[PDB]
Amino acid sequence: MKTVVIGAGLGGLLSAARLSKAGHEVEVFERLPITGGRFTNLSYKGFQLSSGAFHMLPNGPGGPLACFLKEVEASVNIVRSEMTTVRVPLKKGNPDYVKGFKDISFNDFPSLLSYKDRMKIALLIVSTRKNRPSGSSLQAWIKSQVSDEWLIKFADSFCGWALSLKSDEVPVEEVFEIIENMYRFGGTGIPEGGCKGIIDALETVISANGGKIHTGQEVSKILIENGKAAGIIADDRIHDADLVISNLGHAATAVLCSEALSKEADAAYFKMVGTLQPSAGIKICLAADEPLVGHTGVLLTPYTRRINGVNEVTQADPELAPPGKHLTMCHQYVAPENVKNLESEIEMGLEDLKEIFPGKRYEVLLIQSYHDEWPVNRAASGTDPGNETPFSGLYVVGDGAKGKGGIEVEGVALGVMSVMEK
Ligand SMILES: Cc1cc2nc3c(=O)[nH]c(=O)nc-3n(C[C@H](O)[C@H](O)[C@H](O)COP(=O)(O)OP(=O)(O)OC[C@H]3O[C@@H](n4cnc5c(N)ncnc54)[C@H](O)[C@@H]3O)c2cc1C
């Protein structure tokens with residue numbers, strides 16, 4: 001078939017790589033000067049920062065993304081991270097890190113509970129695998145099981161870092177599917193070259209399979225003929241297609257289909273699009289003169305105003321920073337109501353840094369905020385719709401149409417796989 005992909009984000013490039021290998025003519029149209037969307041590198045003062053993602057795969061070398069890459073014969077080294085750690089107050093009862101802190105391994109989170117509560121968690125670790133909690137938020141479920149506030153702080157940190165959500169905003173069943181994927185695929189990892197390593201590898205496969213990628217080209221319309229995708233208009237030129245893959249998310253895709261959509265015949269689709277809620281966050285990048293995390297995993301920070309966790313990917317790939325420097329990146333969840341208040345949100349994160357990393361030698365390199373049309377995810381984890389649209393031959397991929405239960409790009413990969421199978 002003749003196929004076109006709108007947008008060179010990770011979803012679009014995964015699609016292009018698989019479709020070209022599958023024997024289809026593929027052209028990708030990307031509006032920006034470079035490919036990769038929110039998953040590529042940004043050269044900044046000698047550092048390889050990113051356009052979004054923290055240079056990390058949620059399931060490292062074992063998950064749906066890593067698997068997709070092997071399936072299309074993309075070549076890129078993904079290293080498995082060391083176990084994630086968690087920063088907690090020195091004494092139970094301390095509300096923050098002011099009086100000092102200690103670090104525990106992620107898997108030892110129950111160690112801070114009473115014996116009674118620890119044993120309850122041990123049994124739930126067994127029972128929940130096949131008897132999955134459902135029908136409430138994670139926070140509500142935890143509270144029904146254990147009263148110790150530690151688990152809520154820990155859950156909020158995990159949910160903030162991994163999903164850019166609060167634990168009272170994610171369905172418990174989604175969290176248990178995510179947990180099942182940890183067992184299936186393993187922990188985090190870091191691609192050599194950062195995000196761009198993966199982007200470059202996919203571009204190589206696309207090129208080797210006769211696909212073409214066009215940057216600096218904005219798609220302005222999806223052509224529909226008799227309820228069927230028929231092509232696109234990009235930079236005022238018509239391109240025919242039997243298949244259109246949109247990497248823009250449903251909302252933006254709907255706008256491109258505006259002339260063909262019916263508020264009557266497509267009422268369910270309009271309603272769906274109107275419910276989509278993106279997630280928001282702020283990333284603080286530090287130019288560190290010494291290690292702050294000290295390993296290749298995540299440091300979760302549950303006892304802060306805003307910061308949920310931090311990583312240090314130069315532990316895995318030193319080429320992402322100048323000699324004698326580390327790149328340490330922090331994430332904080334931003335609630336939709338506070339997007340209008342980004343300045344004060346940032347201030348709070350900056351205060352957190354002093355308590356997380358007291359007396360350490362670093363400078364704030366860049367602060368980047370994400371929300372709305374360039375968000376953390378186009379659809380909040382646990383809420384993704386499918387990849388289909390009212391029109392045959394038109395599919396949506398990307399983090400506005402993630403496979404259920406995949407964290408971040410693992411979800412993006414699952415979604416692309418679903419479309420490909422269809
Ligand atoms: C701060 C932050 C940190 C993150 N950290 C991680 C992480 O650590 N691990 C992880 O797995 N994920 C992480 N993510 C999520 C990850 O970055 C995204 O899920 C992923 O990059 C989204 O990919 P996508 O397929 O949706 O495409 P997108 O990145 O949304 O790309 C869409 C592309 O379409 C182009 N486009 C838009 N309109 C048009 C048009 N009309 N014509 C042509 N092109 C168009 C855009 O320029 C863009 O390149 C993070 C996200 C954020 C915001």
Side-chain angles (χ1 to χ4, degrees), residues 4-16 27-40 49-60 63-66 78 81 160-164 188-191 194-195 198-199 202 213-222 232-235 244-253 255-256 278-285 298 308-311 313 329-334 366-379 381 384 387 396-402 406-413 415-416 419:
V4 297
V5 178
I6 306 171
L10 177 66
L13 295 174
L14 293 173
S15 295
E27 299 191 49
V28 187
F29 298 80
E30 163 64 41
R31 198 186 62 101
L32 295 174
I34 68 172
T35 56
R38 290 169 285 136
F39 203 85
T40 194
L49 304 187
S50 81
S51 54
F54 280 53
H55 289 140
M56 186 173 266
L57 300 185
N59 295 116
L65 183 59
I78 307 168
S81 294
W161 171 265
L163 311 178
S164 219
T188 67
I190 296 159
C195 289
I198 291 167
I199 302 301
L202 288 165
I213 301 181
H214 305 295
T215 58
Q217 297 209 23
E218 179 170 68
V219 174
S220 54
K221 180 177 171 169
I222 295 170
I232 66 174
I233 301 172
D235 264 47
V244 176
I245 304 306
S246 173
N247 194 22
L248 304 188
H250 286 282
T253 301
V255 176
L256 289 181
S279 55
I282 293 156
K283 171 174 44 169
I284 300 175
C285 300
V298 176
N308 302 120
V310 5
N311 74 3
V313 298
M329 298 184 294
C330 310
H331 189 68
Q332 63 192 260
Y333 158 76
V334 177
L366 188 63
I367 301 173
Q368 301 164 104
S369 298
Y370 299 83
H371 58 271
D372 292 297
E373 299 179 330
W374 198 245
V376 174
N377 286 344
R378 296 201 164 84
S381 263
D384 297 66
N387 308 281
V396 174
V397 300
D399 75 8
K402 302 185 292 305
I407 295 178
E408 306 289 349
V409 303
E410 309 295 357
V412 170
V416 174
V419 167

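In listed order, ligands and their atoms are each counted from 1. The residues of the chain are indexed from 1 along the displayed sequence.
Among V416, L14, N59, the one residue that satisfies the side-chain contact (heavy atoms from CB on, under 4.5 Å) test with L65 is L14.
Residue contacts with ligand 1 include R378, since one or more of its heavy atoms lies under 4.0 Å from the ligand. Contact annotation: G281 has no heavy atom less than 4.0 Å from any atom of ligand 1. Between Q368 and ligand 1 there is no heavy-atom distance shorter than 4.0 Å.
Classification of the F54-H331 ring pair by plane angle, with boundaries at 30° and 60°, yields perpendicular.
The shortest contact between atom 10 (C) of ligand 1 and any protein heavy atom is with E408 CB, 3.4 Å. Scanning all protein heavy atoms for the shortest distance to atom 46 (C) of ligand 1 gives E30 OE2, 3.4 Å. Protein heavy atom at the shortest distance from atom 29 (O) of ligand 1 is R38 N, 2.7 Å. Of the protein's heavy atoms, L248 CD2, 3.4 Å lies nearest to atom 45 (C) of ligand 1. Ranking protein heavy atoms by distance to atom 24 (P) of ligand 1, first place goes to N247 OD1, 3.6 Å.
Inclusion of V409 in the set of residues having an N or O under 3.5 Å from an N or O of ligand 1 is warranted. Where the criterion is an N or O separation shorter than 3.5 Å, residue side chain and backbone included, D399 meets it with respect to ligand 1.
A donor atom on one side chain and an acceptor atom on the other are not found under 3.5 Å apart for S279 and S164. A side-chain donor from one of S50 and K283 sits under 3.5 Å from a side-chain acceptor of the other.
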